[PDB]
Structures are given as C-alpha cells and as structure tokens.
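Enquirer: Take this structure, written in structure tokens, and hold onto it; I'll ask about it next.
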Amino acid sequence: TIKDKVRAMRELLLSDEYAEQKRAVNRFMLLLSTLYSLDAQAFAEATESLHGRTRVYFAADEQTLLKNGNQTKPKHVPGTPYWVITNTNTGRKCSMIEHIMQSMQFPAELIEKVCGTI
DNA sequence: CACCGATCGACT
DNA sequence: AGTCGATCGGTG
C-alpha cells in the first residue's frame with residue numbers, strides 16, 4: 064500500500080482533473096485532498112507537526128485558523144474534515160506538501176516531482 | 001542566516 | 001470586484 068499510495072499520486076499527476084487545475088493554489092488543494100483519502104490517519108499526524116511561527120496551518124475549523132494569524136485566506140479542503148491557510152507563496156505550499164508527504168513515508172523523487180508541478 | 005508572515009501589486 | 005502569490009520586512 065505504499066506502492067499503491069505512490070501509484071495513486073503518480074496517477075494524479077497524470078490525471079485530467081489535475082491538469083484542469085488552473086493555478087498553484089488549486090493544485091495545492093487537490094494535492095491535499097488526494098493525500099488524505101489515501102490515509103486519513105497519517106495525514107492527521109503529518110498535519111499536527113505542520114504549523115508556522117505565528118500561524119496555525121491546519122485545523123478542523125475555519126475559526127481556529129482565522130484566529131491565530133491575521134489574514135490567512137483559509138479554505139476548506141474538499142472531501143476532508145480539515146481547513147488550510149491559503150495566503151502563502153508557492154515555495155511555502157511546496158514546503159507544506161513536502162512536510163506532509165515525508166511524514167506519510169513517500170519516496171523523495173516523487174515528492175520532488177509533485178512539488179515541481181505546484 | 002534561513003525561515004516565516006502578510007501586504008499589496010499583477011492578472012483576470 | 002476578487003483571486004493569486006512574489007516580494008520584502010520581520011524574527012529568532
């Protein structure tokens with residue numbers, strides 16, 4: 064099932080829906096949603112350790128996010144009990160995906176390929 | 001210094 | 001109007 068999680072992400076990068084995403088934030092959201100469905104638990108853990116200095120990065124409610132940082136442009140993550148801040152440059156959306164994908168035990172080359180498409 | 005925040009400009 | 005997200009000022 065790690066071989067399967069890898070296959071899935073690889074398929075996603077090839078999928079039409081992924082291609083359909085117009086901007087980085089759009090790909091970012093679809094990356095998160097896909098990651099979850101693969102392993103809700105691991106995504107839960109990987110997420111606890113993911114936060115900023117003064118901003119929470121992930122929470123189960125728009126409220127918590129809007130409450131710790133100034134403007135974070137929170138956005139619910141489709142098919143998920145989570146919310147994530149969106150007011151971040153591309154390099155930081157990559158850091159986030161990297162953190163999460165390392166925690167979920169994905170190979171490095173895949174992570175590198177994923178981030179390169181954000 | 002390397003990392004983070006969030007303003008405010010670019011593009012629609 | 002609204003969204004995105006690079007740039008640059010903060011900070012530890």
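The opening position of the first sequence corresponds to residue 64 in the UniProt record's numbering, with each subsequent residue numbered one higher. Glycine included, C-beta positions come from ideal geometry on N, C-alpha and C.
(1) Please state the DSSP three-state secondary structure of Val-177.
(2) Can you tell which of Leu-98, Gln-134, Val-119 has its C-alpha closest to the C-alpha of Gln-165?
(3) Leaving out five residues on either side along the sequence, give the residues of the same chain with a beta carbon under 6 Å from the beta carbon of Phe-106.
(4) Below 8 Å on the Cβ atoms is my contact criterion, and I expect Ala-87 with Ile-181 to pass it. Report the Cβ-Cβ distance as a whole number of Å.
(5) Per DSSP, which residues does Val-147 bridge with? Please list them.
(6) Tell whether a beta-carbon distance below 9 Å holds between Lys-66 and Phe-169.
(7) State whether the segment 170–178 contacts the segment 126–141, with contact taken as three or more CB pairs (one from each stretch) at a distance under 8 Å.
(8) How should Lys-85 be labelled, buried or exposed, when 16 other C-beta atoms within 10 angstroms of its C-beta is the threshold for buried?
(9) Go through its chain and collect everything with a Cβ distance to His-139's Cβ below 8 Å, but skip five positions before and after it.
Expert: Judging by the given coordinates:
(1) Position 114 of the first sequence holds residue 177. Assigned with DSSP and collapsed to three states, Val-177 falls in helix.
(2) The residue given as residue 165 occupies position 102 in the first sequence. Ranking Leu-98, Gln-134, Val-119 by CA distance to the CA of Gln-165 puts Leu-98 first.
(3) The residue labelled residue 106 in the question sits at position 43 within the first sequence. Result list for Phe-106: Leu-98, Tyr-99, in chain order.
(4) Counted from its first residue, the first sequence places residue 87 at position 24. Counted from its first residue, the first sequence places residue 181 at position 118. 5 Å between Cβ atoms; contact.
(5) Locating residue 147 in the first sequence gives position 84, counting from the first residue. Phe-121, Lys-138.
(6) As a first step, residue 66 is located in the first sequence; it is residue number 3 there, counting from the start. As a first step, residue 169 is located in the first sequence; it is residue number 106 there, counting from the start. The beta carbons of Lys-66 and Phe-169 sit no closer together than 9 Å.
(7) Taking a cut-off of 8 Å on C-beta distances, the segment 170–178 does not touch the segment 126–141, as fewer than three cross pairs fall below it.
(8) Translated into positions along the first sequence, residue 85 becomes position 22. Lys-85 is exposed by the Cβ-count criterion.
(9) Reading the first sequence from its first residue, position 76 is the one you call residue 139. Excluding positions up to five away in sequence, the list reads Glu-125, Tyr-145, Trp-146.
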